[PDB]
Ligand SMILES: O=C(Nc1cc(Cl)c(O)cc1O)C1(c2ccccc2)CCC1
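First comes one chain, alone, set out as structure tokens in the form solved without this ligand.
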């Protein structure tokens, strides 16, 4: 293998003929005003300690990101990566002081970056001689920080000899299709002291990868299918680095509006005159019961457990999600009641056996899934790393109720219940 930088003579030709979908802008193309405004936003966020490293699950394993990070952007939005749903600390489209001003700042930056992106995608679709407008509609930014020479060893980038790296080779998952990504970098063989972003064609380690030096304020853009045709990575220097990576996320199953409406659909099968521990289900068509138990699972695990695993990231940063998340927890325990209601009806004296088997076969996949996933989550909350962390770094394991708590109709452990119903059906 090998790699190239603006030193090498064939760099510019390799870029033109094998990486053309990538664009650079030196800090020189950006306002003075904007430059120091964003840097001051960045810094006041570091002093207040909002940048958290997240505790992730990847291929069965519980790991700790060396970069610290935070997710800002559209209110009600979420962005899922490495099995972690980051929730928006919001910026002001139509909470705590001194932080509002940085979110405002990064939104101004988002508008600027939008502008430049659309110009570039114009020129590109011009070389080709609502996709454009929406592939620039950045809805969130993932900010991230790393102080090198605090890591105890950094992985040597292994296919091209690019030296130590702070982010392995990857694509930016879960973005809308052919959407660009706009980065703002902030620094302080190839040169090891200076920060670089490195690039390579996927599956490929013959074609020499590029490694672009990024000085303070340098910006770049991954356009069209670039983010899919190539993977990238971030090579470290010696000074701490910031970067703000602005993206258009697939938030079609990941907004507070969406999960709420899902809840209303589940609850439509429920007699809603009053609200008490007294759930009487409106229908028993198997399909409806199944859709209910699925929405049960979706709000429990994609929304509750996720929110509370990033234990106190949130009520430290903003309060925005509090009333929302409280509301989601309420709807979830009413769904617990719905489930207990079905569990009652299925064993009732004088229910025809064929209906019993139909209703079982409708719900059992969702019950089994709820069981397996509560197992994973209590495991992850009592992880190697988790159960021995800073006392605030610990994730919370919510919802979790004990046996004696009668406020909850059904147990937290359902293995015997799934065993029971499966032992009915296979007879």
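Numbering follows the first chain given and starts at 1.
Not on display, but discussed next: the form deposited with this ligand bound.
If you superimpose the site C-alphas and bring this ligand over from its pose in the deposited bound form, none of its atoms is within 2.4 angstroms of a backbone or C-beta atom of this form, and that means open. Taking 373, 64, 43, 397 one by one, only a single residue has any non-hydrogen atom within 4.5 Å of this ligand in the deposited bound form, and it is 64. Residue-level contacts in the deposited bound form: of 228, 194, 205, 154, one residue has a heavy atom within 4.5 Å of this ligand, and it is 154. Residue contact check for residue 125: none of its heavy atoms lie within 4.5 Å of this ligand in the deposited bound form. Among heavy atoms of residue 379, none comes within 4.5 Å of this ligand in the deposited bound form. Contact annotation for residue 165: at least one heavy atom lies within 4.5 Å of this ligand in the deposited bound form.
In the deposited bound form, this ligand sits within 4.5 Å of a heavy atom belonging to residue 82. This chain is displayed without this ligand, yet in the deposited bound form the stretch 64-72 from 44-52, 365-373, 64-72, 22-30 comes within 4.5 Å of it by heavy atoms.
If you take 40-63 and check each residue for a heavy atom within 4.5 Å of this ligand in the deposited bound form, you get 56, 58, 63, in sequence order.
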